[PDB]
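A.B. asks: Starting off with a structure, shown below.
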Amino acid sequence: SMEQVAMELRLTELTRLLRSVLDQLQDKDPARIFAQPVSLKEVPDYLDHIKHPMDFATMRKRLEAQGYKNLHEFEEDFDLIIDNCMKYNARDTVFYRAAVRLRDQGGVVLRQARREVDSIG
């Protein structure tokens with residue numbers, strides 16, 4: 022149908038906008054602490070602690086399969102990255118501190134993305 026196509030065009034534009042958001046968020050992690058999943062070879066107990074692991078590469082695979090229906094789903098995944106880190110790592114660690122920073126700096130980008138998603142429909 023013509024409708025399904027219009028729908029698919031919006032998802033594709035949402036995907037385009039979310040890709041730009043994702044690159045902006047990931048620039049706020051210049052150390053690449055959140056780039057890749059936590060290694061289960063190197064942290065074998067990790068899933069005893071964290072039930073829903075997340076990272077920027079895993080978000081990117083989902084993004085490119087157009088797997089985010091709306092900004093809210095994307096934000097959920099970004100928040101997992103931050104929240105998992107803040108639980109698994111103690112406060113006085115480079116990792117925890119890196120999450121605090123990504124959260125604070127990401128909020129600006131996420132604020133505008135919400136306005137652009139509402140604005141452009």
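Be aware that the sequence shown starts at 22, since it is given in the authors' numbering, and climbs by one per residue.
For every residue, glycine included, the Cβ atom is placed at its ideal position computed from N, Cα and C.
State the DSSP-derived secondary structure class of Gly142, mapped to helix, strand or coil.
C.D. replies: DSSP places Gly142 in coil when its eight states are reduced to three.
A.B. asks: Let me know the secondary structure DSSP gives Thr114 once reduced to three states.
C.D. replies: It is coil, neither helix nor strand.
A.B. asks: Going by beta-carbon coordinates alone, are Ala78 and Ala56 separated by less than 8 Å?
C.D. replies: Their beta carbons are under 8 Å apart, which means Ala78 touches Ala56 by this criterion.
A.B. asks: Counting along the chain, where does the alpha helix (DSSP H) carrying residue 3 start and finish?
C.D. replies: The question about residue 3 has no answer here: the residues shown for the chain are numbered 22 through 142.
A.B. asks: For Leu68, does the count of other Cβ atoms within 10 angstroms reach 16, so buried, or fall short, so exposed?
C.D. replies: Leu68 should be labelled exposed.
A.B. asks: Give the single residue among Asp48, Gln133, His73, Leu39 whose Cα lies nearest to the Cα of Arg122.
C.D. replies: If we check each option's Cα against that of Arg122, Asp48 comes out closest.
A.B. asks: Go to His93, then tell me how far its alpha helix (DSSP H) extends in each direction, as first and last residue.
C.D. replies: Where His93 is concerned, the enclosing alpha helix (DSSP H) stretches over 92-109.
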